[PDB]
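Have a look at the structure below before the remarks.
Positions of Cβ are backbone-derived with ideal geometry, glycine not excepted, and every protein chain shown enters the neighbour counts. No value in this document is a laboratory result; all are computed from the given coordinates.
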Amino acid sequence: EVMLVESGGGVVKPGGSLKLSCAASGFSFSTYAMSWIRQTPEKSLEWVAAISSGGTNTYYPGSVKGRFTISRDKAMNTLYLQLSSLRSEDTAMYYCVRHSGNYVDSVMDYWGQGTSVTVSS
Amino acid sequence: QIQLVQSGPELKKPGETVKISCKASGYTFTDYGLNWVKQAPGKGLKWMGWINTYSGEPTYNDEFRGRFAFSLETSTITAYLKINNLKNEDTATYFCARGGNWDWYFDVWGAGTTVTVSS
Amino acid sequence: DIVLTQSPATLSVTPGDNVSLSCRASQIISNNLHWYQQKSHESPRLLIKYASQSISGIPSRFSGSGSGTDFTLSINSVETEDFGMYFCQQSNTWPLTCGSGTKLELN
Amino acid sequence: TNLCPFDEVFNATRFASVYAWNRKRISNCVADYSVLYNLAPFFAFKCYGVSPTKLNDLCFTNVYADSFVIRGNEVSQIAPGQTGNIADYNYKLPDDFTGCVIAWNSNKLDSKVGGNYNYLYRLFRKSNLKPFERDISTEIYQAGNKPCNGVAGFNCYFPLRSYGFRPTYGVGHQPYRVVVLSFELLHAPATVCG
Amino acid sequence: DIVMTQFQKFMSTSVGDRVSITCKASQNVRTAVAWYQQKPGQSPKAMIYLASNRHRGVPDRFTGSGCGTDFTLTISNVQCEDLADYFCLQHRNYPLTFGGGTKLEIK
Amino acid sequence: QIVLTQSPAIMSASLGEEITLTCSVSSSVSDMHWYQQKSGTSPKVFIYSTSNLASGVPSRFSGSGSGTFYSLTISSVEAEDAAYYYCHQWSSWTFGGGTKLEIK
Amino acid sequence: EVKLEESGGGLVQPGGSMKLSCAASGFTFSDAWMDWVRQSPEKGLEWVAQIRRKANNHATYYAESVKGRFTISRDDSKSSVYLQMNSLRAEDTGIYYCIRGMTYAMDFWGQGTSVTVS
Ligand SMILES: *[C@@H]1O[C@H](CO)[C@@H](O[C@@H]2O[C@H](CO)[C@@H](O[C@@H]3O[C@H](CO)[C@@H](O)[C@H](O)[C@@H]3O)[C@H](O)[C@H]2NC(C)=O)[C@H](O)[C@H]1NC(C)=O
C-alpha cells in the first residue's frame, strides 16, 4: 500500500516563510526520487522542485531559485519543502509526487492530495 | 569600474565563528563565478573552491570539505564566507577572486581581509 | 593533485636585463596555465592568460612560452618596479592549485 | 603500483564537444574502480555486457575512455542499438558493446545566463556513422548548382549547430557530461587489473 | 526547363489504409526536393525538407524518400483531418517548379 | 527553452467517437508521458514512454508517435473519461495547457 | 511566435503597378531568405522571386516569366519586404504568399494577398 500524507498549509503574508510537509509510507523511501508540483488557479501544472534519490542533487526552475529549498530526511520518512520571500503569484495547491526511478527522469506514479497555500492580506 | 572590495580586518577567539563579505559591483554578477583563495603568510595560495553565482551552491576543495560555507544572497550583490570552529593555523588574507564560468583565471581580485586568532 | 614546483626559489637580478623562471607540472596540462604577479601585501594581478597570450593593461614586455609540462616565463628589459613574487596556477584538472611561488628582487 | 589516470578524464575542467570527442587510450593500470563506487552523484552507472559488481576483479588489455557533453535528454541515445542524432551523426556504439556508460548533471559548471555557444553538435551526414568514428568535417553541404563559396545561405547549410545551455532550460535540457568506457580483450597479455 | 508532372489528380482511400503520393521529376535532382501540404481554406505548411527529413510539428506517420528522379511520400493510418493537397517542388536549378498537386478525399 | 502545445483547448465527443489527443513540442524530445486529472482530486498517470498503460486503466487509451508529435488514441469514450488531460516530458519545467473532454 | 502579415490587395487594369509589402515579427530578420510564391487556381503554384541573406549581398533573382517587370527589396531595420511589380498582364492573377525561408527548417508561411486583374 502506497499513500502520501501531507500537511502544513495555510495563508501567509507576502514576505514570510512556511513549511509544506509530506509524509510517505509503504515503500523504500531512500531509493525513489521525489518532486513538488504546484497548480495555479487557472489549473496549469508546473514544477517548483525536484530532488534525486540520495539527496545529492536538487533542481529548481528559473522562477523560484534560491527562495525555494527542498529537503529530505530518510529516518522520519518525511519530505520538507521550505519556502521564503513569497510573491503574490505563488498561490497554488502543492502536490507531493513520487518518481519511479533513482533520478527525476522517470515516471510519476503516485501523487498526493495537495495542500492549499494562498497568499494575500 | 569593476572591483570587489571586502570587509575590514576581523579578530576572533578560538571557537567563535566569523563571517567575511565580498561585494561585487560593476560587472553583471551572473556572467562569472566567484573563487575564494586563502594565503597563509610565507606560503603559497590555496584554492578554497568556487561558487556558482546564479544558483548559489558551493563546490568545495577537498581540503576545506566541511567547516566552511559559501552562502550567497543576490538582493544585495554580495558573496559570503563563514568559518565555524576557528583553529589556530588558518590566519591568512582571505581574498575573493572572480574566475569565469568558462575560463577559470583570476583577473579581478579584492583587497583581502585578515582573520587572525588569539586570546 | 597537480603539484607545481617553481625553481629556483630566489633570484638576484639587476635592472635592464632578461631573466626566466620555471613552473614544471606533474601531469600534462596543455596551455591551461596562467602566471600571476604579487607585490608586498597587495592583490595579485593577471599577467598572461593561457600560457602565451598577454593581457591589456600590463606593459608589453611580459611574455612566457612553452607548453606540455615545462613552462618558462620570460621577462625582457626588467625594471626596478617588477619587484615581487610570481605565481603560476594551473586550470586543467580539479581542484585548481597554485605554485609555491618564487620572488624577483633587485641587486 | 602506479594508478592509471581516471583523474585526468573524470574531474577535468573542459570536456570537448560531441562532434570531436577526445579519446584517452588507457594502458598499464592497476585500475582502482573503487573510487567510482564511493562517488555518489552519478546519474547512470550502466554497463552492457559486463556486471558492475564484478568489474574490479576481471582483467583487460586496453580500456578506452571517451568524453563529450550532450543534453540530458540525449543520454538515452548512448546505448547499443539506439538511433537518434547523437548515435547517428555524432557518436555511435556497436551492438556487441562490452563497456560502461557514466553520466553527470553539470548545470552548475557548463552554463552561463547568456548562451554558452562553445559546445557544438552535428546535424546531418550523407550516411550514418560506422561505430567508434569521429567526424570533424567542417564545410557547407552544398547539394546544388550554386557554389556558394563558403558562406551560408539558401541551399547552403552549415553542419554544426550550437547549444544554448542556460541554467533555466530544463532538467533534461541542461548539459550532462558523459564518459563512455569501452573495454577490450584482444589477444594479448593483460595489463589492466587490480 | 524543369517540369514535374504529378500524375495523380485525385487519389481516394478510406480511413486506416496506406496512401502513397508519387512525384517524379525532369532530370538528375539529387536530394533538393521538398513537400508542402495545404489545408483547404488555409496557407500551406511544411512537410519534408531535403526529401528525407521531417519538419517540426509533423506526425510520425509522414515519411517518404528516394533520390535520383523518383520521389514519393507515404502516409500510414490516414486520419479524417489529413485530407489536404500535396505539392512537390525542386530547388536544384534556380527556377523552382511546383509540380501538379494531389487532392485527397475519403469515399 | 521548450514550449508544449496541446491543441485544441476543448475537444468534445460523445459515446461512440474515436479520438486522438495531440501534444507537439518545439525541439525533438524522445519520450512523453500523459496524465489525467478528474475534477476535485489529483491527476494520475496513464502512459509512460508514449505507448504503455498504468495498472488500473481501461484498455481504450493508447499513445503513438515519436520525435515532435504524440497522439493519445481513445477508442470509444465513456462518461467516466470526461476530464483534463496533461502531457509532460521530463525536459520542460512546465506542463501542457490541458485538453478537456466533454460529452455531447 | 513568428508570423508574417501582409497587405496591398486590389485590382487595377493591365498596364498598372503595385508595390505590396509583407511585415514580420518574432524572429531574427537579417538571417532569412524571404521568398514569394503565387497560388492561382489554374496552374497550381508558381515561384515569384527570392531575396537572399545580408551576407550574400542580397543576391536577388526572379523567374524567367517575370524578367525585368518584377523586382524585390527589403529593409531589415524596419523589418519588412517590398515587392513592386511593373506593367502587368492578365494571367498573373492569384494569391501571393509570404514566406520566411524555403526548403529548410523554420519554414513558416504567411496567408497571402487577394490581388486580381480585369
Ligand atoms: C575528482 O576530484 C574530487 C575532488 O573535488 C575527488 O573527490 C574526493 O576524492 C578523495 C580521494 O578519494 C576523497 O577522499 C577520501 O575521503 C574518504 C571519506 O569519504 C576518506 O576516508 C579517505 O581517506 C579519502 O580522504 C573525497 O572524499 C572525495 N570527495 C568527494 C566529495 O567525493 C574525486 O575522487 C576525483 N575523481 C576521481 C575519479 O578520483
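Couple of notes before you dig in:
- Environment charge at G:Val117 (Cβ cut-off 9 Å; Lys +1, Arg +1, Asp -1, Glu -1): -1
- Ascending count of other beta-carbon atoms within 10 Å, so fewest first, for D:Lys92, G:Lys3: G:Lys3, D:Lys92
- Using a Förster distance of 25 Å, the FRET efficiency for E:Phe7-E:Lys107 (Cβ separation, nearest 0.05): 0.75
- Per-peptide average of other Cβ atoms within 10 Å, ordering A:16-27, A:99-110 highest first: A:99-110, A:16-27
- If you take all other residues with their beta carbon under 14 Å from the beta carbon of D:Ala16, and give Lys and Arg +1 and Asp and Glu -1, the sum is +2.
- Ranked packing of C:25-35, A:71-81, most packed first, by mean Cβ within 10 Å: C:25-35, A:71-81
- Inter-chain shielding of C:94-103 (mean C-beta neighbours from other protein chains, 10 Å cut-off): 6
- By average C-beta atoms within 10 angstrom, highest first, the peptides F:52-60, D:179-187: D:179-187, F:52-60
- Per residue of peptide B:87-100, the mean number of Cβ atoms on other chains within 10 Å of the residue Cβ is 1.
- Sorting A:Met93, A:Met3 from the fewest to the most surrounding beta carbons within 10 angstrom yields A:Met3, A:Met93.
- Working from Cα pairs under 8 Å separated by at least six residues, relative contact order for segment C:17-59 is 28 percent.
- Across segment C:5-106, the mean sequence separation of Cα contacts (distance under 8 Å, 6 or more residues apart), normalised by length, yields a relative contact order of 36 percent.
- Over the protein assembly as shown: helical MRE at 222 nm, DSSP H runs n ≥ 4 each giving -39500 (n - 2.57), nearest 500: 0 deg cm²/dmol
- Inter-chain neighbour count for E:89-102: the average number of beta-carbon atoms from partner chains within 10 Å of each residue's beta-carbon is 5.
- Pairwise centroid distance, computed over Cα atoms, of segment D:13-74 with segment C:60-102, Å: 34
- Exposure proxy order (Cβ contacts within 10 Å, fewest to most) of D:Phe132, E:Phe98: D:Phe132, E:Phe98
- In percent, rounded to a whole number, the relative contact order of chain B is 36, using alpha-carbon pairs under 8 Å and six or more apart.
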